[PDB]
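To begin, one chain is listed below as structure tokens, in the form deposited in one PDB entry.
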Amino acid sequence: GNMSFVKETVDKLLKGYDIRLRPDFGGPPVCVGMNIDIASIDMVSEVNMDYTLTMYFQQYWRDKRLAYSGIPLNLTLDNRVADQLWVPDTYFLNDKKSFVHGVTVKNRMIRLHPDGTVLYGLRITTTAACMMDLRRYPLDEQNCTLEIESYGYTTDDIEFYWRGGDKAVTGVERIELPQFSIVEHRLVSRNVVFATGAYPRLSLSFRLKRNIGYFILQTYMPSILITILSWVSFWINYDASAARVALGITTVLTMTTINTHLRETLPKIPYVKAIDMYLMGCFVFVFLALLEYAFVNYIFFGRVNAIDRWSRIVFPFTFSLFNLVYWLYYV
């Protein structure tokens, strides 16, 4: 009578089950272990300060009211019995918008072990908030964390721990954000204190250095080649006013545009970044080339070749000095 017994057993367990009471309500706290099988960070947008994180969140505790003896197999029930069982109230503190996947059925797992241990797995897509420091953008590394905390139960009512020490989180290396690159994941277990009590808190944080080769191809190379061209203005003869004024003006207008186009994928930060410092330095170099021409003309037609030979040497020599300093410092 397998199906028969496997029925009555589940029928008896969930009868008299009070969902409003945690296991060991009047006694010691329950221990809710956790492991996460990260699947993929959808996006790490700096504009909205957030990283969409899809994960297979998996809780683990031991309820002594749900211990079956006769049946000897780990009962995997349908996912809708979890609305009739007590489940720990884990919440993410830095969450902004998140959902449990609901195709074709709600994507959650329930599994009753014969000693009453409850295995509860959920598939969750969190758009967690990750305030970033862009002071060295794009040559930066960020630290984005996912806070796991109990809401209603204090440390006298619940206890959190990572199942497997540093092996709890997995496939974290597999995720490959197109722009960044994970350097190291870390697992932290704390107790934070609020005005209503002291709550347990598991914390998962990644370090995300930024791949820079896209950035060179899109901004660092146009911004350098523009000064490179400007340098042509000096060589052109002094009486060719239209050509030298047109070249310098064009390079200045390019450097000014290059900047605005960039400051559109960045939040309105009130500070100067690394790429803004570089673009400002290249703008100073282009502006100094145009002011050098102003001086050359004002000197001959306003009362020459020595100044134009000196600026033909100093300007590539000084730009390689600034370039070297910038690169060494930010790397």
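Definition used throughout: the rigid core is the maximal C-alpha set that superposes within 1.5 Å between two forms. So that there is no doubt, residue numbering starts at 1 and follows the sequence shown.
There is another form of the same protein, the form deposited in another entry; it is not shown, and what comes next is about it.
After superposition on the rigid core, the C-alpha displacement between this form and the one not shown reaches 2 Å or more for just one residue among 76, 211, 257, 84, namely 257. Residue 103 shows a C-alpha shift below 2 Å between this form and the one not shown [criterion: core-superposed Cα displacement of 2 Å]. For residue 165, the Cα coordinates differ by under 2 angstroms between this form and the one not shown after the core has been superposed.
After superposition on the rigid core, the Cα atom of residue 31 is displaced by less than 2 Å between this form and the one not shown. Cα-Cα spacing of residue 51 to residue 270 is reduced in the other form versus the present form (difference of at least 3 Å). By 3 Å or more, the C-alpha separation between residue 265 and residue 92 grows in the other form relative to the form shown here.
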